[PDB]
Amino acid sequence: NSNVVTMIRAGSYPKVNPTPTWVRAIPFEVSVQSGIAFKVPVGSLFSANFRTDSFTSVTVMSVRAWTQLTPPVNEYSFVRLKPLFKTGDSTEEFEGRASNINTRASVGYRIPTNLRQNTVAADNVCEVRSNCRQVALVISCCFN
Amino acid sequence: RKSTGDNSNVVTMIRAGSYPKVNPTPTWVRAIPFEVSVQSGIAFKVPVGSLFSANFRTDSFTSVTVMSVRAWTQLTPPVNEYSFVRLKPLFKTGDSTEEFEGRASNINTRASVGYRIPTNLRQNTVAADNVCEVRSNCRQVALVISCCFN
Amino acid sequence: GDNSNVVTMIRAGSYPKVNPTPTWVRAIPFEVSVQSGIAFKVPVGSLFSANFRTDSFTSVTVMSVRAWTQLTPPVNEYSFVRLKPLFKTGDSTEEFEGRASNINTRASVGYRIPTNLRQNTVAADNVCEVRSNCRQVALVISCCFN
Amino acid sequence: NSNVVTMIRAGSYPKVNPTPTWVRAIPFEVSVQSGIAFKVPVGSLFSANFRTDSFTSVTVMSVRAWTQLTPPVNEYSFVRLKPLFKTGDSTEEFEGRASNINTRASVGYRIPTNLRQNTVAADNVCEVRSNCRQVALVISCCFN
Amino acid sequence: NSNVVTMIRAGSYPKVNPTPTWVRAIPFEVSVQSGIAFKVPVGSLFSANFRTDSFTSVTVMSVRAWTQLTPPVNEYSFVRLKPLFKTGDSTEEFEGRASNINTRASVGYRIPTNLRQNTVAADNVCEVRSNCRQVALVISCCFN
Amino acid sequence: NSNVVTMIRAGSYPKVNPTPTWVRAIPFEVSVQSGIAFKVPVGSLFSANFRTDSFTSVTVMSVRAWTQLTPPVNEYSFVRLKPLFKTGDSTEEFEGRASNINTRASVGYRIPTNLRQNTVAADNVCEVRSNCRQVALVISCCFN
Amino acid sequence: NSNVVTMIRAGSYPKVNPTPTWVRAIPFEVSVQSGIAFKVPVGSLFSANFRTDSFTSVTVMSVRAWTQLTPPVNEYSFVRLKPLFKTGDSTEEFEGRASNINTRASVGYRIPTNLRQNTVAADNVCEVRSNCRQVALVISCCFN
RNA sequence: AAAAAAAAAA
RNA sequence: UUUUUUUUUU
RNA sequence: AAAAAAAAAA
RNA sequence: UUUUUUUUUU
RNA sequence: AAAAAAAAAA
RNA sequence: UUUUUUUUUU
RNA sequence: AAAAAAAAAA
RNA sequence: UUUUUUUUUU
RNA sequence: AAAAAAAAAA
RNA sequence: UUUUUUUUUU
RNA sequence: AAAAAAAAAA
RNA sequence: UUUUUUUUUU
RNA sequence: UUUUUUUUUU
RNA sequence: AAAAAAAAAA
Ligand SMILES: [Cl-]
Ligand SMILES: [Cl-]
Ligand SMILES: [Mg+2]
Ligand SMILES: [Mg+2]
Ligand SMILES: [Mg+2]
Ligand SMILES: [Mg+2]
Ligand SMILES: [Mg+2]
């Protein structure tokens, strides 16, 4: 391959876009109380910590969750996810459980194409329930 | 694919496994468009700092690997003249003396030119570094720089 | 293999992913009472009921609507039925219509909702507007409860 | 594909059923005591918690069981299942044991076609024995 | 081919629809001020000038823009489009520039299927910016 | 498929037309008297009820007709169509009859290409004859 | 194809015939009385209502008949056809009956080639019988 | 799809 | 032998 | 390259 | 059916 | 895609 | 004979 | 990848 | 017979 | 291995 | 249509 | 050249 | 599955 | 030689 | 997938 700078025969000025979209997998943690559902805010996805503070909307494609702290004594870890939608919240409770007390529980859900619209900071993605005090989420989304 | 394919109309369960490897602050390949002011008979040094800005969604980055530079005259040339733009590549390990140049063949049309950086000179640059020197008979140049933010 | 006559052991492994409250794709039949040449808005709430085993849902994604006249038409007339899709992001002005060709037979028509318009609806929402010369309309709605 | 609503050339009124059958995998837990067999009530399968409170009968196809809490000190988890049937109870004790003390024991059994009749709330599916105080069941069944 | 009227052996009364949908490419102009973004209202699409005043909703599919008047002295035309959505506005700025001062600048964006819902008069399609006092838009859409 | 907006690299301003043509199947009804031929006016085709009030001319391609009310006592329904043209009315009487007293009679005719010119509201498309007091018509035509 | 008038290189004067034959299906109705046969007169086929008043002879090929009014109370419609010939009348009574009281009864008969000679107005085609007060006939014939 | 009648073409 | 109109058979 | 209008040839 | 002229489409 | 000039390889 | 740099032709 | 239950299509 | 949802088997 | 987003090449 | 970056499915 | 909407035909 | 009208992609 | 039940090997 | 023990079939 070339070892030196070489000329580019550029033509006319192209179409440009200084603020393009970005497909991402955003990892973050939330605190969870015993017996209480936590509503995961969309605003958690906008932050300089993820290079995403210039975005104000996002299209979530899928949500995966893992317990992030150990479960109570004698128990195996569990985590549940209830998808929320601005046009109407769901009542599914997708749940994963651990089969070794020392291992994380995990589960996820995919959003169908027909339900992939934008959400903003004040929106909530889903409810989390767990017997562990923290849950780690990895959200696959399209910032725009 | 996607020929009548698509998927379901409802949320479905993912049988997730172990916690994956993750990175909250990944890299990003980009083409950044910005303009610079240039003066008659004077070479302007293009600062790398122009590439870090919220106007590009890149203010969380402190380094970038530049891969190629293209330039266009952004304002009209002087009376009776055709536009021209020249690019001289600059490197922290030793500046070049190439003067890549394009000129317009219609006075009403932009001049344009570019250069590609070879793999062996694709290291990082920071805000204090410069990308290239620009010369032109037009008072502004429009640059589109293809680069890897990291 | 098959044709075992007795219980047999399953070599179960790790606890699987589970969900006590899953989705359900359904064709729901219900009727609405209608007046003469008067549009009636069909409520989405008619889809949630113990009579359909769906009272545990609060949302549903409608995929298509079909409608039949349920009582006889006025004297000298053939039955007809009209459907005008309604949407929260913007109502339609289409009026899909069927008419009977025998005075003793039901009129029928339906419409399909495109993938890009298949979002959720709740009980307070309305599915469509119905218009008929008969006093009842029998609807069958294909939908995904979730 | 189409981006607008399209006509459906409906025909005669079809056959309908407002209350159809449902093939399900129902997850629920049962309490178990030391040295004592617990009879799992079929009524545990009818509940708004599973969207099944409008069913009063169910045809069980197979039963799988996992220990749901840690076992006593120095022991590995075990769980046994003895099928019950209204026409005659079995004496099999299908059993699984853990090989790591931190992991669940698991076993299941399949009901043959000739024994897949209906059960009601007052009936029992099986007996569960375990050294763990709780057992998690996932029962494959056809509600009707 | 036939030179006279011929008989049609009609059958039963078909399905009918007096107010059908309509896929269109609507052209209209908007005024733009220096350094100010103009919100393109969706209501502009329901006009007797387009045969569309019987519609109250539309599904937008793609937007294209051209500058419609000459740029300021010494400048080449430019135009920018920022898509707007009721579920969450975008921050993209798709931009084109003229490479000949005497020629229009042009650009567009396509709306993905998952974001192709309906819009009504009070909604806005996008934000337009340009150094020219007028921008010419052609909007591909489905009236319904 | 793509889940977010994408740039379109638009070119020169296209050829446009804000008021295009429209091929349509228009359903409407006319009253008919015993023993009297009813001239169907073309103006019936231009209406807000059809989204066609912006049109002043139309090219009719075919006409199909259905009896719309029940026939006289002891009679089977019939309907006849006589095509009319500005250059010369025809004398054909395309006719259909019901074979069940409770069923609609139907018939239609097709207009040859050499006779497919424009008609305006003052023109008449055909004469309708029937023993029922209303006839349902579906006219295939090209609005321009 | 050509859009202008074009020259025809005609030759010698051709054979001509200002009054040609015509193959036709003629539809008309006759009144029928209970228990009485009605002889269908051939003269009904020559009429300006059929464009055939310039003919005096016709070769009938086949006769189809349909009851034209409702039957008496409690009965299903029926119609019978007995062929009549100048060289010798037949004694066949071809018959159709309705299987639904609201539907027409129908039947026909074909005339063999060896019996396809001419008939004049004073001739009769066939006898019609029915429990309905009117019968609708469609006669396939060759006017000459 | 074939045939008969009128017409046109070859 | 193809097509157009009327008819018929399929 | 085909088609239409005029012409020429076959 | 080939060419020439006018037109049209590609 | 080939060729010529410098270089490198074979 | 292949590649890199400059050039040229296509 | 096949099957069973619900739906849709053919 | 294909797809979607639930289940199951592999 | 294919697809989606940004980029580059063709 | 290939490659690079992010993502996803396998 | 395929697809989507309206129409027509099969 | 072919064509016509609007649209889109190429 | 196929299948069902228990076992075993793979 | 084969084999061994019981059963059933051929
Ligand atoms: Cl749980
Ligand atoms: Cl803007
Ligand atoms: Mg844990
Ligand atoms: Mg230079
Ligand atoms: Mg009715
Ligand atoms: Mg345990
Ligand atoms: Mg310009």
Side-chain angles (χ1 to χ4, degrees), chain A residues 1-4 6 17 20-25 61-62 140-144, chain B residues 1-10 12 23 26-31 67-68 116 146-148, chain C residues 1-6 8 19 22-27 63-64 112 142-144, chain D residues 1-4 6 17 20-25 61-62 140-144, chain E residues 1-4 6 17 20-25 61-62 112 140-144, chain F residues 1-4 6 17 20-25 61-62 140-144, chain G residues 1-4 6 17 20-25 61-62 140-144:
Chain A
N1 198 206
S2 189
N3 280 329
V4 299
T6 52
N17 185 7
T21 59
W22 207 357
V23 182
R24 296 287 300 281
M61 298 180 297
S62 64
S140 177
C141 49
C142 308
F143 291 94
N144 65 102
Chain B
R1 311 178 86 202
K2 277 145 40 189
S3 62
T4 58
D6 201 29
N7 317 85
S8 70
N9 292 127
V10 288
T12 56
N23 180 13
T27 62
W28 207 357
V29 181
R30 298 280 305 275
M67 299 186 295
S68 65
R116 171 189 174 276
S146 313
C147 53
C148 306
Chain C
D2 311 84
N3 291 131
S4 176
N5 292 292
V6 292
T8 56
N19 180 4
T23 60
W24 204 359
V25 180
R26 294 281 301 276
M63 294 184 287
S64 61
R112 172 191 181 264
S142 305
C143 51
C144 312
Chain D
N1 199 205
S2 180
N3 282 149
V4 288
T6 57
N17 185 9
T21 60
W22 208 354
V23 179
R24 299 289 307 271
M61 292 188 288
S62 62
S140 183
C141 49
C142 309
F143 291 89
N144 60 108
Chain E
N1 204 14
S2 180
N3 281 152
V4 297
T6 48
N17 177 20
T21 59
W22 204 2
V23 184
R24 294 286 299 275
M61 298 189 294
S62 65
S140 181
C141 47
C142 307
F143 291 92
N144 63 102
Chain F
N1 201 12
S2 177
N3 291 123
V4 306
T6 55
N17 179 13
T21 57
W22 208 357
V23 180
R24 294 285 301 280
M61 298 186 296
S62 68
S140 303
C141 53
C142 314
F143 288 94
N144 66 95
Chain G
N1 204 18
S2 179
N3 288 150
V4 292
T6 50
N17 181 8
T21 57
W22 210 357
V23 178
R24 297 286 304 277
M61 289 185 291
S62 62
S140 182
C141 50
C142 313
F143 284 93
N144 67 100

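In what follows, chains carry the letters A, B, and so on, assigned in the order in which the sequence lines appear, proteins first and then strands, with residues in each chain numbered from 1.
To the nearest angstrom, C1' of N/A6 lies 10 Å from CE of C/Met63. In this structure, CZ of C/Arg112 is placed 11 Å from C1' of R/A4, rounded to the nearest angstrom. Taking atom CG of residue C/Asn3 and atom P of nucleotide T/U4, one finds them 8 Å apart after rounding to whole Å. Separating the CH2 atom of A/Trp22 from the P atom of P/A7 is a distance of 13 Å, rounded to the nearest angstrom. For B/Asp6 and O/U3, the CG to P distance is 15 Å, given to the nearest whole Å. For the pair A/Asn1 CG and L/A8 P, the interatomic distance rounds to 19 Å; values are reported in whole Å. To the nearest angstrom, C1' of N/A4 lies 14 Å from CG of D/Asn144. Atom CZ in D/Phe143 sits roughly 16 Å away from atom P in O/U6 (whole-Å rounding).
Crowding of G/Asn3 atom CG: a count of heavy atoms from other residues, nucleotides or ligands under 6.0 Å not exceeding 12.
Put simply, D/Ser2 has no side-chain N or O that comes within less than 4.0 Å of OP1 or OP2 on R/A4. Within the 4.0 Å cut-off from OP1 or OP2 of N/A8, at least one side-chain nitrogen or oxygen of C/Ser142 is found. OP1 or OP2 of T/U5 has at least one side-chain nitrogen or oxygen of C/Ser4 nearer than 4.0 Å.
Side chain of C/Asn3 to main chain of C/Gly1: no donor-acceptor pair is present (N/O by atom type, distance under 3.5 Å, no hydrogens or angles).
Counting any heavy atom pair closer than 4.0 Å across all strands shown, B/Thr4 reaches no nucleic acid atom. Contact annotation for A/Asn17: no contact, since no heavy-atom pair falls under 4.0 Å across all strands. As judged by a 4.0 angstrom heavy-atom cut-off over every strand, B/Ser68 is placed among residues making no nucleic acid contact. Using a 4.0 Å heavy-atom cutoff across all strands shown, B/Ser3 reaches no nucleic acid atom at all.
Taking the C1' atom of each, S/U10 and Q/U1 are spaced 15 Å apart, rounded to whole Å. To the nearest whole angstrom, the two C1' atoms, one in P/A6 and one in S/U8, are 24 Å apart.
By the Watson-Crick or G-U wobble test, with both distances required under 3.5 Å, O/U1 and N/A9 count as a base pair.
Within the 4.5 Å cutoff, no side-chain heavy atoms of D/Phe143 are placed close to those of D/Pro20. By the 4.5 Å heavy-atom criterion applied to side chains, E/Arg24 and E/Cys142 are not counted as neighbours. Contact annotation: the side chain of C/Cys143 never approaches that of C/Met63 to less than 4.5 Å [non-hydrogen atoms, C-beta and beyond].
Comparing atom distances between the D/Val23 side chain and each of O/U6, S/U6, R/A6 picks out O/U6 as nearest. Here the side chain of C/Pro22 is nearest to one of S/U5, P/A5, O/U6, namely O/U6. With distances taken from any side-chain atom of B/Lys2 to the nucleotides T/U4, S/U7, P/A4, the minimum falls on P/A4. Relative to the side chain of D/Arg24, the nucleotides S/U7, O/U6, P/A8 differ in distance, and O/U6 lies closest.
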**Q.** side chain to side chain contact (heavy atoms under 4.5 Å, CB included) between C/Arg112 and C/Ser142, intermediate numbers included
**A.** CA-CA 9 Å; C/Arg112 172 191 181 264; C/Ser142 305; over 6 Å; no

